[PDB]
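Here the structure comes first, spelled out in structure tokens, and everything after it is commentary.
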Amino acid sequence: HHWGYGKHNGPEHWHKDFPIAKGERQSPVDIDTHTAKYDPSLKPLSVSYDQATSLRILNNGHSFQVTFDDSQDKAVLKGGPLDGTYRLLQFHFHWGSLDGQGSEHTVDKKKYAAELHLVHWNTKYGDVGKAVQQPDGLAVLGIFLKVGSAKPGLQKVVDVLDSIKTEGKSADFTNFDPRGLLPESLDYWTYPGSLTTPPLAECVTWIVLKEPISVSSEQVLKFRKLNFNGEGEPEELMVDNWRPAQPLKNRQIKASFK
Ligand SMILES: O=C1NS(=O)(=O)c2cc(-n3cc(CO[C@@H]4O[C@@H](CO)[C@@H](O)[C@H](O)[C@H]4O)nn3)ccc21
Ligand SMILES: [Zn+2]
């Protein structure tokens, strides 16, 4: 019935309800680093998160997300390949059952343990619902997670997950600073793509950072304790909620760095 990541409702099934699944600019993709072209005309990314207002954290049955106040230019992404101003709406993660899988984008076929998506929408379209219907409506900042040392800025997130174990649970999650999730370098790859979950709309300028962040085994283990199911249903652990790499087709990935 509903789409998911299982054998009978996973990514290979999605095209039946969402035919754009087989479209011309689908995400994620493998980033072949030796084929990506350095584009000296790409500006540095501008990440302005100082006034970010987080609101809530929610288990939505496919991942968990932290949502922000996007009614004002408080946490915005600009520059890079983007024209105009993109407001941060939410961030969420994709992760695996094991450390060797979980990311959606891959780098020379390498899978990371997880991938962070910070979802922004173009203010010129007024609301995110309008923006998803535009070819340049969204900008998603993708950040790889590898397992090693802990990420201190992630800990406030993992500590509240026990309160949103099952689908539909939400909790107050104020005063969270997403700057604590960023790597040192803002070097990136960029390409035109799509949402990686239904409706798979082709509305995203992808900005994928070259430098992963490191998270600890205990931190990622807490991700894996979440549930796909709702309270009172048979427990199915929320793991491997990633879409695999899709055909690049007629696209060139650009790099901001040599
Ligand atoms: O996991 C996938 N990886 S992804 O490609 O980065 C992505 C983007 C989205 N987006 C959903 C939306 C529309 O937002 C809706 O309405 C607003 C109302 O405040 C949101 O609170 C709420 O996130 C969602 O219900 N824009 N992007 C959903 C899932 C993934
Ligand atoms: Zn995502």
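Nothing in this text is a laboratory measurement; each read-out follows from the coordinates by a stated rule. Ideal geometry is used to build each Cβ from the backbone, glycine not excepted, and the neighbour counts take in all protein chains shown.
Observations, loosely collected:
- Yes/no for residue 129 being within 9 Å of ligand 1 (Cβ to nearest atom) and out of contact with any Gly (no Cβ under 6 Å at 6 or more places or on another chain): yes
- Residue 130 vs. criteria within 25 Å of residue 187 (Cβ to Cβ) and more than 13 Å from ligand 2 (Cβ to nearest atom): no
- Selection from the stretch 72-124 of residues that are of a type in the set (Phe, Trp, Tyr) and within 15 Å of ligand 2 (Cβ to nearest atom): 91, 93, 95, 112, 121
- Taken together, the residues in the stretch 67-98 that are more than 10 Å from ligand 1 (Cβ to nearest atom) and under 17 Å from the mean Cα position of the chain (by Cα) amount to 8.
- Helices (runs of 4 or more DSSP H) fully within the stretch 125-233 counting 3 or more residues that are under 29 Å from residue 42 (Cα atoms): 128-131
- Take the conditions (1) more than 16 Å from ligand 1 (Cβ to nearest atom); (2) in contact with a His (Cβ under 8 Å, 6 or more places away or on another chain); (3) of a type in the set (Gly, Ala, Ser); residue 245 misses just one of them, which is (1).
- Residue ID - surrounded by the fewest Cβ atoms within 10 Å (Cβ to Cβ), chosen from residues in the stretch 209-227 that are closer than 17 Å to residue 101 by Cβ and within 16 Å of ligand 1 (Cβ to nearest atom): 226
- So residue 132, is it among the aliphatic types (A, V, I, L, M), surrounded by fewer than 22 Cβ atoms within 10 Å (Cβ to Cβ) and without any contact (Cβ under 8 Å) to a residue 60 or more places away in the chain: no
- For the stretch 154-185, a tally of residues being more than 16 Å from the chain's Cα centre (by Cα) and aliphatic (A, V, I, L, M) returns 5.
- Selection from the stretch 135-180 of residues that are farther than 19 Å from residue 27 by Cα, buried (at least 16 other Cβ atoms within 10 Å of the Cβ) and among the acidic types (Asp, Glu): 167
- Residue 166 within 16 Å of ligand 2 (Cβ to nearest atom), over 15 Å from residue 87 (Cα atoms) and of a type in the set (S, T, N, Q): no
- The set of residues in the stretch 119-129 that are surrounded by 17 or more Cβ atoms within 10 Å (Cβ to Cβ) and not polar (S, T, N, Q) comprises 119, 120, 121, 125, 128.
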